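Note sheet for the following structure.
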Amino acid sequence: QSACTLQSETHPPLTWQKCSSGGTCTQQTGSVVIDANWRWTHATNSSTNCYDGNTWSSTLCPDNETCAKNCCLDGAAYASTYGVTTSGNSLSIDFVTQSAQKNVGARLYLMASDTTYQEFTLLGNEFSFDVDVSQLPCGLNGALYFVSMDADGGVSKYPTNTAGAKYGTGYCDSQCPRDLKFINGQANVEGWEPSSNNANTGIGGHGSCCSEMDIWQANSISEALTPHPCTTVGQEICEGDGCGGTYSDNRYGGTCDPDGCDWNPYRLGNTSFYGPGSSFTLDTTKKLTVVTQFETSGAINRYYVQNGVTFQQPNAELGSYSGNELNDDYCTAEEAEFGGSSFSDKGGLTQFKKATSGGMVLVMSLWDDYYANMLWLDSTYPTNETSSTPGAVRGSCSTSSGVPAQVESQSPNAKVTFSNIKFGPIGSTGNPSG
Ligand SMILES: OC[C@H]1O[C@@H](O[C@H]2[C@H](O)[C@@H](O)[C@H](O[C@H]3[C@H](O)[C@@H](O)[C@H](O[C@H]4[C@H](O)[C@@H](O)[C@H](O[C@H]5[C@H](O)[C@@H](O)[C@H](O[C@H]6[C@H](O)[C@@H](O)[C@H](O[C@H]7[C@H](O)[C@@H](O)[C@H](O[C@H]8[C@H](O)[C@@H](O)[C@H](O[C@H]9[C@H](O)[C@@H](O)[C@H](O)O[C@@H]9CO)O[C@@H]8CO)O[C@@H]7CO)O[C@@H]6CO)O[C@@H]5CO)O[C@@H]4CO)O[C@@H]3CO)O[C@@H]2CO)[C@H](O)[C@@H](O)[C@@H]1O
Ligand SMILES: *[C@@H]1O[C@H](CO)[C@@H](O)[C@H](O)[C@H]1NC(C)=O
Ligand SMILES: *[C@@H]1O[C@H](CO)[C@@H](O)[C@H](O)[C@H]1NC(C)=O
Ligand SMILES: [Co+2]
Ligand SMILES: [Co+2]
Ligand SMILES: [Co+2]
């Protein structure tokens with residue numbers, strides 16, 4: 001797609017800290033950009049939509065290539081349309097925003113310049129952030145994560161995409177998502193099938209795969225930390241059901257692992273660690289600091305700080321695994337005790353280390369889940385299982401929770417706030433900000 005300017009595109013600024021092993025931190029200035037799927041897609045020389053409701057224009061978009069030639073992405077009114085605001089080092093995303101039409105949440109990328117994504121090399125480093133999840137009920141997910149996206153959003157590889165990072169192109173994740181309207185400088189109209197329940201969405205013949213590091217998937221009830229390896233490390237197109245993931249009938253379509261090696265302390269048995277109020281180790285009614293460290297072995301360490309008190313990731317015992325480090329032994333034990341082979345099939349932490357050794361783009365999102373109502377995060381899943389099924393219970397939410405239309409109607413003022421991002425060598429991010 002190309003870019004159009006009927007609405008100007010001004011990325012909300014966002015600062016973050018780059019910390020050094022020598023003990024100091026220096027402020028960086030970036031900004032955030034909304035993903036292309038949220039945008040108005042229209043004809044390059046008129047205001048006629050190329051996509052509207054859940055369907056493509058059959059005249060403007062008779063095929064993927066003609067569609068991309070005919071169509072452009074336009075600018076976003078971040079606050080008024082998308083409920084996205086920033087202040088200094090803080091980013092807020094509202095759940096439901098009403099303008100000319102309804103909007104639900106956002107997916108945002110951290111930029112280096114107005115036309116390029118910021119890339120982070122996670123290996124050997126740590127990432128720290130503050131989060132307020134207090135306004136996130138059952139069924140919602142405020143996510144902060146990394147994906148192996150191109151810094152230009154795909155432009156150099158696919159010149160028929162001239163919109164680029166400035167317009168939030170080039171997304172990929174371990175689901176190999178097929179809901180994206182543009183992939184590799186081509187539309188995704190070929191094979192398009194509208195969703196059953198989401199008025200704005202469908203699934204196309206192409207998907208977009210890449211490695212994914214889910215630092216934070218959470219609401220006020222549950223939180224998870226999850227690496228996802230892919231056999232191709234960076235962004236790569238996939239064909240139909242060969243994509244696997246959420247948007248295919250068979251979720252195991254090779255290249256990517258859509259499940260990951262997940263660590264949810266509640267799922268692992270510590271049901272008192274994270275939740276609303278003073279009965280939990282971490283009180284989710286209050287802001288909390290989350291630090292995630294990527295040691296060169298490929299293992300992942302985690303600690304939290306709230307009110308000046310520090311807690312390592314809680315210990316878990318699973319089969320022959322015992323500890324609090326997300327390592328090979330954990331992931332292998334998890335597959336043995338909970339089931340599945342996707343993470344190991346895709347190469348486990350060794351394959352994942354290829355992603356963290358390279359550049360990844362920071363993503364912050366707020367979403368609800370049309371495919372599984374977020375039950376995999378905060379409830380019992382699948383819902384016919386009981387507590388006797390190892391790993392079935394992931395949180396205290398009802399198995400009836402998280403119906404998107406219901407949570408959107410009941411909790412429209414839900415929101416997530418991410419703030420105080422700090423990045424640098426392991427051991428460096430607790431030092432004074434600049
Ligand atoms: O006409 C003329 C006119 O115009 C105007 O303008 C206008 C126009 O017209 C129009 O068009 C427009 O419209 C627009 C609007 O505005 C807006 O609002 C919209 O938006 C929308 C869109 O459309 C769509 O597309 C979207 O969609 C979305 C959805 O909703 C959501 O949901 C999604 O979300 C996502 C997110 O984001 C992310 O973040 C995520 O990610 C994730 C991943 O994927 C994964 O991988 C992970 O997770 C995972 C984990 O890790 C694992 O572990 C798990 O596993 C599990 C499993 O599952 C199970 O099975 C087991 O058992 O267990 C295990 C363990 O646990 O899983 C999980 C899951 O997978 O992580 C991460 C993070 O979280 O994802 C998600 C999903 O996908 O997204 C999407 C997108 O992509 O939405 C939106 C919002 O609503 O749009 C439209 C268009 O279309 O408008 C405009 C304005 O108004 C003008 O103005 C004028 O002037 C004219 O006249
Ligand atoms: C949960 O984790 C906290 C922090 O490590 C610990 O103090 C507590 O004993 C754990 N509770 C259970 C039931 O494992
Ligand atoms: C839940 O249902 C699935 C089939 O949908 C089945 O494989 C599984 O055995 C069921 N679990 C229980 C505990 O009955
Ligand atoms: Co309309
Ligand atoms: Co194709
Ligand atoms: Co270690």
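All residue names refer to the structure tokens as shown: chains lettered A, B, ... in order, residues numbered from 1 in each chain, ligands numbered from 1 in order.
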Inset, instruction - Let me have all residues with an atom within 10 Å of ligand 4, counting only C-alpha atoms and all ligand atoms, laid out as a PyMOL selection string. - result: chain A and resi 40+48-49+51-53+100-101
Keeping only N, CA and C atoms, write the selected residues as a compact mmCIF listing (two decimals), in the first residue's frame.
```txt
# COMPACT_ATOMS: atom_id res chain seq x y z
N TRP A 40 -7.83 3.75 8.19
CA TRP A 40 -8.64 3.90 7.01
C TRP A 40 -7.80 3.51 5.82
N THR A 48 -12.89 6.98 -1.31
CA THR A 48 -13.59 5.70 -1.40
C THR A 48 -12.77 4.61 -0.70
N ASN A 49 -13.39 3.97 0.30
CA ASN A 49 -12.73 2.90 1.04
C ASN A 49 -12.33 1.73 0.16
N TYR A 51 -11.45 -1.00 2.00
CA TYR A 51 -11.93 -1.97 2.96
C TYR A 51 -12.92 -1.25 3.84
N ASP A 52 -14.03 -1.91 4.14
CA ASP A 52 -15.07 -1.33 4.97
C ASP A 52 -15.84 -2.48 5.61
N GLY A 53 -16.28 -2.29 6.85
CA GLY A 53 -16.90 -3.39 7.59
C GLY A 53 -15.94 -4.56 7.62
N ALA A 100 -16.68 8.47 15.16
CA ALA A 100 -17.60 8.19 14.04
C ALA A 100 -18.07 6.74 14.12
N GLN A 101 -17.16 5.87 14.56
CA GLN A 101 -17.51 4.49 14.89
C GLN A 101 -16.76 4.03 16.14
```
Considering only C-alpha atoms, give me a table of residues in region 201-283 of chain A that are at most 9 Å from region 180-184 of chain A, with the closest atom pair and distance in Å for each, as a tab-separated table.
```
residue	atom	partner	partner_atom	distance
A:201	CA	A:180	CA	8.9
A:202	CA	A:180	CA	8.5
A:203	CA	A:180	CA	7.6
A:204	CA	A:180	CA	7.6
A:206	CA	A:183	CA	7.3
A:207	CA	A:183	CA	7.2
A:208	CA	A:183	CA	6.7
A:236	CA	A:184	CA	8.5
A:237	CA	A:184	CA	7.2
```
Emit the selected residues as a PDB file, in the first residue's frame, including N, CA and C atoms.
```pdb
ATOM      1  N   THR A 201     -13.460  -7.457  10.952  1.00  0.00           N
ATOM      2  CA  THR A 201     -12.335  -8.342  10.648  1.00  0.00           C
ATOM      3  C   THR A 201     -12.656  -9.547   9.780  1.00  0.00           C
ATOM      4  N   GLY A 202     -11.600 -10.113   9.210  1.00  0.00           N
ATOM      5  CA  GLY A 202     -11.680 -11.366   8.485  1.00  0.00           C
ATOM      6  C   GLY A 202     -10.339 -12.062   8.524  1.00  0.00           C
ATOM      7  N   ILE A 203     -10.213 -13.103   7.711  1.00  0.00           N
ATOM      8  CA  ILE A 203      -8.999 -13.901   7.597  1.00  0.00           C
ATOM      9  C   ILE A 203      -8.722 -14.056   6.106  1.00  0.00           C
ATOM     10  N   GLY A 204      -7.490 -13.768   5.693  1.00  0.00           N
ATOM     11  CA  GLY A 204      -7.093 -13.887   4.292  1.00  0.00           C
ATOM     12  C   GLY A 204      -6.218 -15.085   3.982  1.00  0.00           C
ATOM     13  N   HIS A 206      -3.117 -15.152   3.136  1.00  0.00           N
ATOM     14  CA  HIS A 206      -1.729 -14.994   3.601  1.00  0.00           C
ATOM     15  C   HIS A 206      -1.666 -14.671   5.062  1.00  0.00           C
ATOM     16  N   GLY A 207      -0.560 -15.071   5.689  1.00  0.00           N
ATOM     17  CA  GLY A 207      -0.239 -14.690   7.062  1.00  0.00           C
ATOM     18  C   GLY A 207       1.179 -14.160   7.145  1.00  0.00           C
ATOM     19  N   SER A 208       1.532 -13.620   8.308  1.00  0.00           N
ATOM     20  CA  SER A 208       2.842 -13.006   8.509  1.00  0.00           C
ATOM     21  C   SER A 208       3.511 -13.527   9.777  1.00  0.00           C
ATOM     22  N   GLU A 236       8.217 -13.490   7.688  1.00  0.00           N
ATOM     23  CA  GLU A 236       8.050 -14.315   6.504  1.00  0.00           C
ATOM     24  C   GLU A 236       6.574 -14.580   6.267  1.00  0.00           C
ATOM     25  N   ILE A 237       6.159 -14.451   5.009  1.00  0.00           N
ATOM     26  CA  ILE A 237       4.787 -14.728   4.599  1.00  0.00           C
ATOM     27  C   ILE A 237       4.513 -16.232   4.683  1.00  0.00           C
TER      28      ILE A 237
END
```
Inset, instruction - Quick one: everything within 10 Å of residue 42 (chain A), counting only C-alpha atoms, minus sequence neighbours fewer than 6 positions away in the same chain. Send it as JSON, numbers by chain. - result: {"A": [1, 2, 3, 4, 48, 49, 50, 51, 52, 57, 60, 67, 70, 71, 72, 73, 74]}
Legend entry - Counting only C-alpha atoms, the residue of A:133, A:112, A:238, A:76 that sits nearest residue 94 (chain A):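 Checking each of A:133, A:112, A:238, A:76 against residue 94 (chain A), counting only C-alpha atoms, the winner is A:133.
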Inset, instruction - Write out as a VMD selection string each polymer residue (protein, DNA or RNA) that has an atom no more than 10 Å from ligand 3, with only C-alpha atoms and all ligand atoms counted. - result: chain A and resid 381 to 389 392
Inset, instruction - Select from region 153-302 of chain A everything DSSP, run on the backbone, classes as strand (DSSP E), then give the selection as a VMD selection string. - result: chain A and resid 182 to 183 186 to 187 193 to 194 202 to 203 206 to 209 212 to 218 223 to 228 236 to 239 274 to 275 282 to 283 288 to 294 300 to 302
Legend entry - Residues within 7 Å of residue 185 (chain A), only C-alpha atoms, excluding chain neighbours under 4 positions, as a PyMOL selection string: chain A and resi 1+68+158-161
Mind dumping the selected residues with N, CA, C and O atoms as a CSV table (one decimal), in the first residue's frame?
```csv
chain,number,residue,atom,x,y,z
A,1,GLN,N,0.8,-1.2,0.0
A,1,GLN,CA,0.0,0.0,0.0
A,1,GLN,C,0.8,1.2,0.0
A,1,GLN,O,2.0,1.2,0.5
A,68,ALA,N,-3.2,-3.3,-3.7
A,68,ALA,CA,-2.1,-2.6,-3.1
A,68,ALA,C,-1.7,-1.4,-4.0
A,68,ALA,O,-1.3,-0.3,-3.5
A,158,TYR,N,9.7,-5.1,-0.1
A,158,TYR,CA,8.5,-5.1,-0.9
A,158,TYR,C,8.1,-3.7,-1.3
A,158,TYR,O,7.4,-3.0,-0.6
A,159,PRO,N,8.7,-3.2,-2.4
A,159,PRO,CA,8.6,-1.8,-2.8
A,159,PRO,C,7.2,-1.3,-3.1
A,159,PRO,O,6.9,-0.1,-3.2
A,160,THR,N,6.2,-2.3,-3.3
A,160,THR,CA,4.8,-1.9,-3.4
A,160,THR,C,4.2,-1.5,-2.1
A,160,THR,O,3.0,-1.0,-2.1
A,161,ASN,N,4.9,-1.7,-1.0
A,161,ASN,CA,4.6,-1.0,0.3
A,161,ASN,C,5.5,0.2,0.4
A,161,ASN,O,6.7,0.1,0.6
```
Inset, instruction - Quote the spacing between CA of residue 214 (chain A) and CA of residue 367 (chain A) in Å to one decimal place. - result: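 Taking CA of residue 214 (chain A) as the start and CA of residue 367 (chain A) as the end point, the length is 14.2 Å.
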